[PDB]
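Everything below concerns the one structure shown next.
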Ligand SMILES: CNC(=O)c1cn(C)c2ccccc12
Ligand SMILES: [Zn+2]
């Protein structure tokens, strides 16, 4: 689990979105595993605007933050899971690291702020859904 709270937006894994999230929908993309919903109280997170490939992510299943190198947000094939069929996920970044399904929502952060959230993984690899192209998250 986990979310990004950027102003009056809540950014979660589409596959973990609640009824309240869907009842307050701002934007969703199955191809990106992202859903954004509206909030009433403002959040304590800032979004990175950058092309950093190094950062730190939170891994719930180790209670540990790990420094990682990660790929550029790309269109990449992801093996079938409980939540999606074998498909290409868009705006995705891969790192070498530990990840389990419930680690989804863990933040990846760089010097510029929040890069993305844990989404995909397997075989000692962790995948993060990028949010840095979502400029509209920063306004209105
Ligand atoms: C759609 N979410 C998932 O199913 C997964 C997310 N992470 C990080 C995994 C790691 C190993 C295996 C499956 C997943
Ligand atoms: Zn950065």
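All positions are counted from 1 along the displayed chain.
Per the header of the entry, the method used was X-ray crystallography, 1.5 Å.
Using N, Cα and C of the backbone, Cβ positions are placed for all residues, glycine too.
Swiss-Prot lists 15, 33, 104 with the feature active site, for protease 2A activity, giving similarity to another entry as the kind of evidence. Per Swiss-Prot, the feature Zn(2+) 1 binding site maps to 50, 52, 110, 112; the stated evidence is similarity to another entry.
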All-chain count of other Cβ atoms within 10 Å of residue 50 (Zn(2+) 1 binding site):
13
Using a Cβ cut-off of under 6 Å to any atom of ligand 1, determine which of the recorded positions 50, 52, 104, 110, 112 qualify.
104
Roughly how many angstrom lie between the C-alpha atoms of residue 15 (active site, for protease 2A activity) and residue 112 (Zn(2+) 1 binding site)?
27
According to DSSP, does residue 52 (Zn(2+) 1 binding site) sit in a helix, a strand, or coil?
coil
What does DSSP assign residue 110 (Zn(2+) 1 binding site), in three states?
strand
Counting distance between Cα atoms, which of the recorded positions 50, 52, 104, 110, 112 is nearest residue 33 (active site, for protease 2A activity)?
104
Highest CB neighbour count within 10 A among the recorded positions 104, 110?
104
Could you tally the C-beta atoms, other than its own, that fall within 10 angstroms of the C-beta of residue 33 (active site, for protease 2A activity)?
28
When you measure from each Cβ to the nearest atom of ligand 2, which of the recorded positions 15, 33, 52, 104, 110, 112 fall under 6 angstroms?
52, 110, 112
Rounded Cα separation (Å) that holds between residue 110 (Zn(2+) 1 binding site) and residue 104 (active site, for protease 2A activity):
18
Starting from the Cβ centroid of 50, 52, 110, 112, which together make up the recorded Zn(2+) 1 site, report each further residue of the same chain whose Cβ lies within 8 Å of that point, ordered by sequence.
48, 49, 51, 55, 111, 113, 115, 132
Round to a whole number and give the Cα-to-Cα distance in Å for the pair residue 112 (Zn(2+) 1 binding site) and residue 104 (active site, for protease 2A activity).
21
Which whole-number value in Å describes the distance between the Cα atoms of residue 52 (Zn(2+) 1 binding site) and residue 104 (active site, for protease 2A activity)?
21
